[PDB]
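Cβ coordinates were reconstructed from backbone atoms using ideal geometry, including for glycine residues, and neighbour counts include every protein chain displayed. We did not get these values from a lab; they are worked out from the coordinates using the rules stated.
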Amino acid sequence: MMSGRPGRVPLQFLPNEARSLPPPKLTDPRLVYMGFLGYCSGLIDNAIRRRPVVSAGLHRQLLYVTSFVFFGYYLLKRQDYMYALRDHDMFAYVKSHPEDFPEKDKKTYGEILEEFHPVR
Amino acid sequence: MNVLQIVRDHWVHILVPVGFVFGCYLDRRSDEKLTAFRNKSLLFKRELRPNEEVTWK
Amino acid sequence: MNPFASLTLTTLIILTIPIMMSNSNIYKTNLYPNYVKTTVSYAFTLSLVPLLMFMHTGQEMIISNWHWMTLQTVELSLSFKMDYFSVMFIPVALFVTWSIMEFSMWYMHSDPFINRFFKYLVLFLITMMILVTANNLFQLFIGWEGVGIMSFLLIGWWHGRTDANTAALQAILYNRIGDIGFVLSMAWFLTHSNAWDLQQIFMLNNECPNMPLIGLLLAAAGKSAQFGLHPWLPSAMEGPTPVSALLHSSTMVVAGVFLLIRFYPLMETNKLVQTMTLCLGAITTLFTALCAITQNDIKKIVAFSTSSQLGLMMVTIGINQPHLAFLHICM
Amino acid sequence: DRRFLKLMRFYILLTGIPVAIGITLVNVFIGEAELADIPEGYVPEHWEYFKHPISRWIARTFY
Amino acid sequence: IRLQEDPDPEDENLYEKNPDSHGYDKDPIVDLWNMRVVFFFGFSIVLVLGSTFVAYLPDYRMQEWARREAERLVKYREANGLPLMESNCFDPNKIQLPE
Amino acid sequence: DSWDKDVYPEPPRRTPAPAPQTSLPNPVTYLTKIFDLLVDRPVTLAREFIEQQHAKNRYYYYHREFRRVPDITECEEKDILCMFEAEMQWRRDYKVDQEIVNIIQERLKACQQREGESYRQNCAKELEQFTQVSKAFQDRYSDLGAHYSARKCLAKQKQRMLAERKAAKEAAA
Amino acid sequence: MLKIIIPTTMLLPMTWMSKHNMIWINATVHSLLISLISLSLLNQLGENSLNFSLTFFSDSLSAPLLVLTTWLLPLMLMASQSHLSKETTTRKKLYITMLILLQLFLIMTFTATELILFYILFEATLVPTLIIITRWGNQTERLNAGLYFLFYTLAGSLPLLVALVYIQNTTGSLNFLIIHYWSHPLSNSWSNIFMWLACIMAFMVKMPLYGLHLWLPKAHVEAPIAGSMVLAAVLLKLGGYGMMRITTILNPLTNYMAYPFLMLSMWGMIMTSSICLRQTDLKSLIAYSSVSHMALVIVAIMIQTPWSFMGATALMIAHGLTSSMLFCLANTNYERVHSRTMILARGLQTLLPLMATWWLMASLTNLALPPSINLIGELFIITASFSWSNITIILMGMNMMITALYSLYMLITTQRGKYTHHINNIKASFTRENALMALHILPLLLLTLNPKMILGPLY
Amino acid sequence: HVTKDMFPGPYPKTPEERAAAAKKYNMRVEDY
Amino acid sequence: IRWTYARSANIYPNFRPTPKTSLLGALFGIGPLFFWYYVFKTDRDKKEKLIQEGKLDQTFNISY
């Protein structure tokens, strides 16, 4: 779908047109879940390595957390930019092809005859 | 007596209460992004009292 | 307002006070059976004033004090029908159970759980009063089933005895066969008359069809031990003699024919169902009287006699004489 | 069995008696609201559409 | 021996060491406090206060409002000869039938 | 009283005055004098005390006024906001209709008990009113099912109206 | 819903960070506190639902279920801590964690505004449930029970997943409100017939429908007591709640698609009630009785009337409470005699009087004695069925007769008669067990005073 | 206590497992 | 223990599909289902035919 999109330069995680969108907030629920994933990784690291799972290596658990949040922020930016691109192309295509997307003639339920099915 | 042991042993008792208050606060914030029809419904909309500016929060 | 309503209610409320007190301190002492017998005697004395007011001027009323729930267009409330049947049967039943409790204070004197026995007697009395004063079919069903379970618990009073438990379950079984018809009538009246209260049921059923009346007849045949569902009453003699005298001879087993009397305006307008109850009562009275003349157990003879009298009550209902049947209940 | 029954009754009553006493006191001295037509120009608070003072307190405090 | 396995141990009676056992814990103090917190928070709070909270919940289903509206409507319809209720739930003027 | 006499009618109450044709005293009158002394007067006093407390703490509640919104016949197909408001209005109207039917059934039950043995003839008006209101309610809300709506109710009304118009046209011939 | 969800989530850190001997105390205290908070969801509106956010909402159908779940958690904790007294601290914390995870999943399942989110949350309940059954069950049969429960549920659920994504692709939304307001009639075609079957079969196997129920005896019998409690009380109700939600897109196809299911449940309630008359395992008898009440719920949902839905809601609530009570009562005897055989320990009323009273109350509620809410639900469903067809009164009356027979038979065989001579280890009932029964039975009877709280949104 | 060999088994085909079944159920072979 | 095992867990290990078991399974499992379906379907078709011609009176049936 999006592979051969025009202007799509290779090996570029965020293109420069993404800087027009709002960056994700720092307390973004998805970013906080990223940090939680890092914290779980640190706890499981203590468990497998046979260390006290909660209080051993606070620097290591902390680094797990911050690296997970660091990757999550950029992942969120790229995801949001891809969805913005999707909506951008969809609206452009609906605009360029009005015949494929007609203006449906709206009618009220007072003139629309819906069939009644009794429950009995 | 023995405040250190009591606060090092029964400190977990704050977790569920403060989680309840955090849930209430997060419920509060959810309503803040659902006000596109505050004082706008065909049923409830009305003029604001002279110092009033919104109808619910 | 009018003392009739307050007195008719107070007669019912006083019965429940020794039940609430059945966990305080008197229930642990040897004064509990006399205490409950005394409240029953006081309730009998109070219930005479509504009876006297009816005797004077025919005071009758329905009381709907507490609204329970509304189901769209069906309002279910605690409604008491303080009519001739209620205000005449309540004093009779209270007098009889007063005598029964005084008797039990001597007959069950050596029972280690005599306090619980008297409490069960009061519970049965309360459920029967609910049955008799009920102004709608749900409340009547509450009385019906509470009477049934109290009968179950009192027939199997000596629960280490296999035959007593078998008899109690047998009573439950036959009465459940009757409950099928009771629930049939409830469903029909809800579906067609949109009411379980007697007033609207009588209003919307000038010509009552077969199905609800046959359901009511099935329930009555179950409760009053008519032929086909008869055997449980003589087997209910497994209970202590006060249980027999109170429930299964004089007060509880007339619930079925009382159910049919409560719907006599409906039964009045259906000849087929009238013939059915007339014939069922006839066969019941004949067969049960035939069994009794050869029985050797005195309690069995009297139980078959009670079944015969219930058959006679069914007969007099089946000839469009409901008030005669009520009089025979009281006598 | 006796000890359990005593404990259960105690812990039911421990708040039941204050609850019952407070409900009686509220009913006797505060009492229920009186219905009235909405005064001209006045928009009532949402708990002012209920009659029982305890119901009004619940509506005002929790909803 | 068919394998090295421990024999099935015998069940411990909480009453044997604690006649006053409430059945919660082998240690009498935590057993007592388990009983206390269970009874307090269950009966004293959730049952009594919870039942009272549900009992005095503000109008549920707006049944009182519906009854008052019905009373006003019944008064108006009867005082003016209008039917108490029309068979048509909606006005046949805002309905356009097909043919 | 609080309830309005027109919504809850009751015939003018007609009691016969006492006509003793005996010399033996009437036990009922003395049992009622004792009732008025030991029962009525103390609870009556207990009510003046309480209504005296409630008189000095007077406060109010109001009936909630809903204005009218466009109904489901005015909703363009799939116009979710208008459908929501119309559907809420329809459900409120349905509850009010249920309460109207409840008022009329209350009248019917009260008449049946009140008229005694003459209820069959004396309660014809209430039976007629119940017939009318129950027919109207049945036409509005019967057979919709557990998942009812203003749309299904309107479809049922349109089916009824098409049947009515066709029947009228074929009767005209 | 976050003021409910987040405190429940906070049970896990609190459980894992508490002392070894404060585990049960802390979990019980704070789960009761959460259950107190869940009661505020019973303040419902006549017409609309409580639409908190885009992702969670509450109405009169799901609020009593949420209260039932939050109430079941502490009772679970009281039931478990006896048989898990010899376990390690970490393993007790893992069991508590499983129970908390199950409660959290159930809470979000009953409030999910979207159908696919409901699907994931309702499928998530499998994992802690399966873990509980297979890890902490007592017999070698727990493994086969776990396999049956897992694969019955999944064979039901996967076609539902396919149907849900197809519906989202064709309708555009799986949002419950949008689904209701944009409801299209379902035409009569093989495509729509199989869409109906896919939408219905998962909830059918969950309830379970008679013929698809063989997992339930295994699972409810082999599970530890808390597992049986949840499986009987809240997990069966997922099928009924989901069926009530999803039947709004299946009309008028439900008019004739329900005939095989109506027949199956109407006859299988008779069949499983009869099976109870001959069950030699007490826990198996209690498990088999759930099938009949759930068959009644199936009929009520399939006939689609306001009275049928009211009765089904009330019956689900009442059955949850009663079945959990019965399982706890059987477990108290099992913990004494280490066996589920019913005629092993007879004449127990002369050894455990107040426990015999608890047994009588539980049997009476299973009897649907009026005015209990069991009877209210059963009677409402019976009346709706009578309107649906008068001949339904034969089968439902037969079922209530047989239900009375087996309930009182269980009572008589366990409590009455002569005590067993060689069983000399029936110790007096602990305060904990009596409190467990009391906390089962008291809210059940209090609901009779306010029955509209469990009559669903069609009240 | 109760081993696998003490449990009910399949129908006995030959008279030696029939006698073993009689022994397992505490009966005489001529009565089993 | 032998009695409780024979009645629960020994039955399927020793069940065989024979003409007797298959005939009985078909008769008792499938027979009542189709019997009741025929009864209820006939009753409801008669009811619906009455409703269509308005020959079934529902004067006070407003609760369903």
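Quickly work out the G:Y256-to-D:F10 label distance, labels modelled 7 Å from Cα along the C-beta direction, and quote it in nm with one decimal.
Going by the 7 Å Cα→Cβ label model, 6.8 nm.
Shielding of C:152-162 by partners, i.e. mean partner chain Cβ atoms within 10 Å per residue?
Average per residue, whole number: 3.
Compute the whole-percent fraction of alpha carbon pairs in the stretch F:1-52 spaced more than 14 Å apart.
Cα-Cα pairs in the stretch F:1-52 separated by more than 14 Å: 75 percent.
Mind pulling the per residue volume of the convex hull built on the Cα atoms of the stretch C:113-207? Å³ is fine.
Considering the Cα atoms of the stretch C:113-207, their hull volume per residue is 79 Å³.
Report, please, the projected area of the stretch C:259-319 averaged over directions, based on the convex hull of its C-alpha atoms, in nm².
The number I arrive at for the stretch C:259-319 is 4.0 nm².
For the stretch E:25-99, what does the equivalent ellipsoid look like in terms of its semi-axes, each the square root of 5 times an eigenvalue of the Cα gyration tensor, given largest first in whole Å?
Semi-axis lengths for the stretch E:25-99 are 59, 18, 6 Å.
What does the convex hull of the Cα atoms of chain C come to per residue, in Å³, rounded to a whole number?
Hull volume over Cα atoms, normalised by residue count, gives 134 Å³.
What average count of beta carbons from other chains do you get within 10 Å of the Cβ of residues in I:3-9?
Mean partner shielding for this stretch: 5.
Over the Cα atoms of chain I, what radius of gyration and what Dmax do you get, in Å?
For chain I, the Cα radius of gyration and maximum Cα-Cα distance read 22.5, 64 Å.
Mind checking which helices in chain F clear 18 Å along their axis (Cα) and have mean Kyte-Doolittle hydropathy of -0.5 or more, DSSP H runs only?
none
If exposed means no more than 12 neighbouring beta carbons inside 10 Å and the site is in a DSSP loop, what's the longest run of chain A without any exposed GluC sites (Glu not before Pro)?
The longest such stretch corresponds to A:1-102.
Can you give me the angle between helix I:31-52 and the longest principal axis of chain I, using Cα atoms only, in degrees from 0 to 90, rounded to the nearest 10?
The answer is roughly 10 degrees.
Using only Cα atoms, tell me the angle between helix G:259-276 and the longest principal axis of chain G; keep it within 0 to 90° and round to the nearest 10.
Around 10 degrees separate the two axes.
Running Debye on the stretch B:2-57 with equal point scatterers at the Cα sites and no solvent, what base-10 log of I(q)/I(0) appears at q = 0.13 Å⁻¹?
Treating every Cα as an identical point scatterer, log10 I(q)/I(0) equals -0.57.
In 5 Å bins starting at zero, report the fraction of Cα pairs in the stretch C:128-262 per bin as a rounded %.
2, 11, 21, 23, 17, 11, 7, 4, 2, 1, 0
What Kirkwood hydrodynamic radius, in Å, does chain D give when the mean of 1/r is taken over all pairs of distinct Cα atoms and then inverted?
When all Cα pairs of chain D are included, the Kirkwood radius is 14.6 Å.
Let me know the whole percent of all Cα-Cα pairs from the stretch A:1-97 that are separated by more than 19 Å.
56
Averaged over its residues, how many other protein chain Cβ atoms are within 10 Å of peptide G:240-252's Cβ atoms?
Mean partner shielding for this stretch: 2.
Going from the alpha-carbon gyration tensor of the stretch G:373-444, what semi-axes, largest first and in whole Å, does one get by taking the root of 5 times each eigenvalue?
The equivalent ellipsoid of the stretch G:373-444 has semi-axes of 37, 19, 5 Å.
Using every Cα-Cα pair within chain G, state what percent have a distance larger than 37 Å.
21
When you take every Cα atom in the stretch G:180-309, what is the radius of gyration, and what is Dmax, the widest Cα pair distance, in Å?
In order Rg, Dmax, the Cα atoms of the stretch G:180-309 give 15.6, 51 Å.
Give the whole-number value, in cubic angstrom per residue, of the convex hull volume spanned by the C-alpha atoms of the stretch C:195-240.
With only Cα atoms used, the stretch C:195-240 gives 94 Å³ per residue.
Below 25 Å, Cα to Cα, which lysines can E:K75 reach? Residues fewer than 8 away in the same chain don't count.
List returned: D:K51, F:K5, F:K95, F:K109, F:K125, F:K135.
Mind checking which helices in chain C clear 18 Å along their axis (Cα) and have mean Kyte-Doolittle hydropathy of 1.6 or more, DSSP H runs only?
In chain C, the long hydrophobic H runs are C:3-20, C:114-133, C:137-155.
From the convex hull of the Cα coordinates of the stretch G:290-384, what is the mean projected area in square nanometres?
6.4
For the protein assembly as shown, what does the helix formula give at 222 nm: sum of -39500 (n - 2.57) over DSSP H segments with n ≥ 4, over the residue count, nearest 500 deg cm²/dmol?
That calculation yields -20500 deg cm²/dmol at 222 nm.
Where is the GNM fluctuation largest for chain A (alpha-carbon springs, 10 angstrom cutoff): A:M34, A:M90, A:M82?
Greatest mean-square fluctuation among the candidates belongs to A:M90.
For I:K41, which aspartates and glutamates qualify as cross-link partners when the Cα separation must be under 20 Å and same-chain residues fewer than eight apart are set aside?
List returned: F:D143, I:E53.
Taking every pair of alpha-carbon atoms in the stretch G:85-144, what share in percent sits in each 5 Å bin, from 0 to the bin with the longest distance?
Histogram of Cα-Cα distances, whole percents per bin: 4, 18, 22, 19, 16, 11, 7, 3, 1.
Tell me, C:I90, G:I200 in order of fewest to most beta-carbon neighbours within 10 Å?
In order of increasing Cβ crowding within 10 Å: C:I90, G:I200.
May I have the extent of the alpha carbons of the stretch E:7-65 along their three principal axes, as whole Å values ordered from largest to smallest?
69, 26, 13
Pairs on different chains or at least eight residues apart, Cα atoms closer than 23 Å: how many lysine pairs in chain G fit?
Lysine pairs satisfying the spacing and distance rule in chain G number 14.
Under 19 Å Cα-Cα from C:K300, which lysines qualify once same-chain neighbours fewer than 8 residues away are excluded?
Those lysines meeting the cut-off are C:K223.
What's the angle, to the nearest 10 degrees (0 to 90), between helix G:89-111's Cα axis and the longest principal axis of chain G?
30
In Å, what is the Rg of the alpha-carbon atoms in the stretch G:35-181, and how long is Dmax?
Taking only Cα atoms of the stretch G:35-181, I get Rg and Dmax of 17.9, 55 Å.
Under 10 Å, Cα contacts only: if you run a Gaussian network model on chain C, which one of C:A167, C:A187, C:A236 comes out with the highest mean-square fluctuation?
Highest fluctuation of the listed residues: C:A187.
Quick one: Debye curve from the alpha-carbon atoms of the protein assembly as shown only, equal weights, vacuum; give me log10 I(q)/I(0) at q = 0.05, 0.07, 0.09 Å⁻¹ to two decimals.
Taking Cα atoms of the protein assembly as shown as identical point scatterers yields -0.43, -0.86, -1.47.
DSSP loop (so not H, G, I, E, B), at most 11 other Cβ within 10 Å: list which GluC sites (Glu not before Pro) in the stretch D:23-63 pass both filters.
The qualifying sites are D:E40, D:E45.
Using only alpha carbon positions, build the gyration tensor of chain F, then give the equivalent ellipsoid semi-axes as the square roots of 5 times its eigenvalues, largest first, whole angstrom.
50, 29, 11
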